[PDB]
Protein chains: 2
Amino acid sequence: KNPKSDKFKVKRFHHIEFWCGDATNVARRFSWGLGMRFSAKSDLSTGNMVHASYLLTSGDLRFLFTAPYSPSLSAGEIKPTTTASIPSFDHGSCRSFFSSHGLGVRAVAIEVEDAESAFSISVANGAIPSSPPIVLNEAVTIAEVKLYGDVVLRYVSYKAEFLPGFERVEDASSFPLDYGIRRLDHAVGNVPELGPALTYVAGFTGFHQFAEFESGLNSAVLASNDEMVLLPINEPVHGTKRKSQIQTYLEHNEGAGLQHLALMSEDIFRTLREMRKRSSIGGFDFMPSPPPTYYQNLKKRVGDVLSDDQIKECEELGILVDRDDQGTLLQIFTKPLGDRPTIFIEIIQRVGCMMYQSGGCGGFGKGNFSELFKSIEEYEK
Amino acid sequence: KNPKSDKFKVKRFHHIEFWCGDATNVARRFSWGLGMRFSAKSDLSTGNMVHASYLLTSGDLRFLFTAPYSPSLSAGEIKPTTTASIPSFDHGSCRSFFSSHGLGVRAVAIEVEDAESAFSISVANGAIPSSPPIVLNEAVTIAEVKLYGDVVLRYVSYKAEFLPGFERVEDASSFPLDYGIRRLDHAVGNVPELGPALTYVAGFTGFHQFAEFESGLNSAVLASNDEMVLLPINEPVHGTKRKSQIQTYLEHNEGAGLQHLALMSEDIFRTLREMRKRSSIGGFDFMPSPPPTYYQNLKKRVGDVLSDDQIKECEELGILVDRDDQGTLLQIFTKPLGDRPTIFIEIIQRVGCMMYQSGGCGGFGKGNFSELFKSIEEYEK
Ligand SMILES: Cc1c(C(=O)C2=C(O)CCCC2=O)ccc2c1c(=O)n(Cc1ccc(F)cc1)c(=O)n2C
Ligand SMILES: Cc1c(C(=O)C2=C(O)CCCC2=O)ccc2c1c(=O)n(Cc1ccc(F)cc1)c(=O)n2C
Ligand SMILES: [Co+2]
Ligand SMILES: [Co+2]
């Protein structure tokens, strides 16, 4: 059931913004590790005396990395005279965010029909305002409300290239890397208490609970009208034998925040081949692969969707497979992106639910917790 | 003239420590860009609840990247019960350093005969103490004094692998990258006033002025007894037509700090080939190459040291060449390592002064300021 109760017109995920201490080094690491091209910049060379912001793109996926300059460079500015290209940016907020949480996602940005209306309706329905709507060069409107912890939901709307004040990157500085990643599939938060978090966000968005199907978590998924914007949220389950990874997150993150970004690939085999080649030369590491028991067990579960060669290719790359009543999910998880055991990335590809593909086809892989555990026990025997 | 006036026995440069916001991302970027292998770690997985520290090595060059965890992880600790592997580390100091200066060098570490003696003699001769001598596992002693700005000179001495509490890295996580870099040749500071900086450092070390031979700077070089530890210092020259890059440094860095690290290569051609291949895929960019006039002019200056093919190889890679009365210097400079126009790296190789090679053979390339300017003007004509 999808009651289509969005309180304003939402289109798709637009970008994800990381708040960094040094945007250059994080952006260069991410570019090489994920196969994303340098696409736009806003920094000293573009007249921005406030913050350095670098945009990476792969297909429709947009990662923004932002870090503050010394406040002394902009000490004479006021908001009416700012050289910042992102008017919501604040030196103190960014330094405090990074001190508290380390490297992580500050903003989950969605494109909407009218950011000023989305902001007004959201706040009228309980959203905690973070940054009021600001019109940039009479061309783009951006506004921000609190999502969870210190993460904001950012609304962006275009009258008719990223943001005014950003320059396209000189293609000599823009190597055309591409490992197959194409868009953001979902963005997941960790919170201490799931119920109040869901009530808050569904309250101000009108997002509905996405239909789904004892190890760590309780979760639920909020979805836009066409279920293309997907915001799962997790809470820990306390008192178990193996400590909940959600609770570990909350301890090392200093509270609620974004847990993982799931990036859709148009060819998950190629993406994982390319990412794994680079794991030890600057890129990203992956979680330990499941035992061969797990792949022997794949034949009985997905042998009608994947051939034996396709299954052994999953085994080569450590790919997990799960199944809905409608579609099949291929997924794999990186180790944490930075120093703290907090944020990580998921690579996914979905098969089925053809109409275009419907959002959330195959689910989110919750069935893979049990399957992984069983495979580990069976391999031990 | 070298009066050999060191007040304690100094051996060689030992390591350089960067203070970061996220040590993982900076270390991975640097590893790929410079061809340095992951060699040791001290972090949550080794029992360090205070800071994450990753060591990269290439030959004898050692780069350490350190970032603080949330203070909450170590809130119950006191210095006598610390899990930090570097006892001088302080959460507040590190966060304040990074807020003020951005990504940069906190410590220039030299190996000495006896770090406790070096510290005592240094402070008795005017050094401002930063961290007192601490003996680690009855095996290594480390102490720190102020060098300039918020940079410390770190003394390390070994009774008889990096530091106790660091673990060697599992070689599956240690890809054997190597682009030819072998050691730190010199480390350079920028200060507002050269005279007082020189008097201070030479005062407490006994380092002597290194013998040398109107665009930006005044500089001088302090050297150890065998002139293997080389610490140049620059001050700006104000009131010129083109603004001094030393003054730009001081403005964006919020004062004095480390300007550049010069890394000796055993094969500067191979190093630059490998680094330039990676500039746009996560590595480091280089300053704009000199005009062909500069390389046409090389024949008359170094045509007795380099063949025509060796000179055109310099032209392929943008390498600068300068000459002493004793030796020849090949050098090139990266663009700034991070967001701010502050710290950068120099790659160098020296030819001549064979006895082993004597330190500082060929100088530091100050003659290349004039040669670059002349080449630019001649190319314009
Ligand atoms: C994050 C994740 C998901 C996931 O995407 C997801 C959502 O999108 C929304 C609903 C809740 C949720 O969970 C699915 C399966 C995962 C993982 C995952 O993180 N891990 C990692 C892990 C490894 C060993 C260990 F001991 C503990 C955790 C998995 O193993 N599976 C199998
Ligand atoms: C840092 C450097 C050195 C150097 O190593 C050095 C020391 O070790 C100690 C003594 C002082 C000193 O300077 C030598 C030559 C350099 C540079 C350098 O930084 N640049 C970069 C530059 C480019 C364009 C522009 F407009 C301004 C600066 C150069 O061009 N040359 C030619
Ligand atoms: Co997921
Ligand atoms: Co130099």
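Table for the structure above
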item	result
Filtered residue count, region B:167-187, keeping only those that are of a type in the set (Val, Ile, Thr) and either surrounded by fewer than 20 Cβ atoms within 10 Å (Cβ to Cβ) or more than 30 Å from residue B:278 (Cβ to Cβ) (or both)	1
Subset of region A:1-49 that is β-branched (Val, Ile, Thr) and within 14 Å of another protein chain (Cβ to nearest Cβ) - its residue that is surrounded by the most Cβ atoms within 10 Å (Cβ to Cβ)	A:26
Candidates A:289, A:244, A:279 - the one that is polar (S, T, N, Q) and within 10 Å of ligand 1 (Cβ to nearest atom)	A:244
Region A:356-375 residues that are within 17 Å of residue A:302 (Cβ to Cβ), paired with ones that are among the polar types (S, T, N, Q) and crowded, with 19+ Cβ neighbours inside 10 Å (beta carbon under 7 Å, 6 or more apart)	A:362/A:328; A:365/A:331
Positions within region A:254-268 being surrounded by fewer than 22 Cβ atoms within 10 Å (Cβ to Cβ) and either part of a strand (DSSP E or B) or within 16 Å of ligand 2 (Cβ to nearest atom) (or both), in sequence order	A:262
Test: residue in region B:333-354 that is more than 16 Å from ligand 1 (Cβ to nearest atom), in a loop (DSSP other than H, G, I, E, B) and under 19 Å from residue B:227 (Cβ atoms)	yes
Filter result for residue A:369 (part of a helix (DSSP H, G or I), within 15 Å of ligand 3 (Cβ to nearest atom) and not assigned by CATH to the domain that holds residue A:149)	yes
Which listed residue, of A:88, A:122, is over 19 Å from the mean Cα position of the chain (by Cα) and over 18 Å from residue A:65 (Cβ atoms)	A:122
Flag if residue A:235 is surrounded by fewer than 20 Cβ atoms within 10 Å (Cβ to Cβ) and either within 16 Å of ligand 1 (Cβ to nearest atom) or more than 26 Å from residue B:54 (Cβ to Cβ) (or both)	no
Region A:219-247 residues that are closer than 17 Å to residue A:193 by Cα, paired with ones that are β-branched (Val, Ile, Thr) and surrounded by fewer than 17 Cβ atoms within 10 Å (Cβ to Cβ) (beta carbon under 7 Å, 6 or more apart)	A:244/A:237
Given (1) outside any loop (DSSP other than H, G, I, E, B); (2) within 14 Å of chain A (Cβ to nearest Cβ); (3) over 21 Å from the mean Cα position of the chain (by Cα), number of the condition residue B:315 does not satisfy	(2)
Per-region count, region A:319-337, residues of a type outside the set (A, V, I, L, M), within 14 Å of another protein chain (Cβ to nearest Cβ) and crowded, with 16+ Cβ neighbours inside 10 Å	2
Of all residues in region B:195-217 being of a type outside the set (D, E, K, R) and in a loop (DSSP other than H, G, I, E, B), the one that is surrounded by the most Cβ atoms within 10 Å (Cβ to Cβ)	B:207
Residues being under 22 Å from residue A:212 (Cβ atoms), within 16 Å of ligand 3 (Cβ to nearest atom) and of a type in the set (A, V, I, L, M) - total across region A:288-337	6
So residue B:237, is it out of contact with any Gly (no Cβ under 7 Å at 6 or more places or on another chain), assigned by CATH to the domain that holds residue B:364 and within 30 Å of residue B:3 (Cα to Cα)	no
Which numbered condition residue A:357 fails, given (1) in contact with a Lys or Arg (Cβ under 7 Å, 6 or more places away or on another chain); (2) more than 14 Å from chain B (Cβ to nearest Cβ); (3) buried (at least 19 other Cβ atoms within 10 Å of the Cβ)	(3)
For residue B:340: the one exception among (1) on the phi < 0 side of the Ramachandran plot; (2) within 14 Å of chain A (Cβ to nearest Cβ); (3) more than 18 Å from the chain's Cα centre (by Cα)	(3)
Inter-residue pairs, beta-carbon under 7 Å, first among the small types (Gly, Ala, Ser) and in region B:177-194, second part of a loop (DSSP other than H, G, I, E, B) and away from ligand 3 (no atom under 16 Å from the Cβ), 6+ apart	B:180/B:266; B:180/B:267; B:189/B:256
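Rundown of residues vs (1) within 16 Å of ligand 3 (Cβ to nearest atom); (2) over 24 Å from residue B:319 (Cβ atoms); (3) within 14 Å of another protein chain (Cβ to nearest Cβ), yes/no style:
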{"residue": "B:232", "(1), (2), (3)": "no, no, no"}
{"residue": "B:241", "(1), (2), (3)": "no, yes, no"}
{"residue": "B:246", "(1), (2), (3)": "no, no, no"}
{"residue": "B:249", "(1), (2), (3)": "no, no, yes"}
{"residue": "B:253", "(1), (2), (3)": "no, yes, yes"}
{"residue": "B:257", "(1), (2), (3)": "no, yes, yes"}
{"residue": "B:261", "(1), (2), (3)": "no, no, no"}
{"residue": "B:265", "(1), (2), (3)": "no, no, no"}
{"residue": "B:269", "(1), (2), (3)": "no, no, no"}
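Note that we place each Cβ from the backbone using ideal geometry, even for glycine, and neighbour counts take in every protein chain shown. Basis: the model, the stated rules and, where named, an outside source; none is laboratory data.
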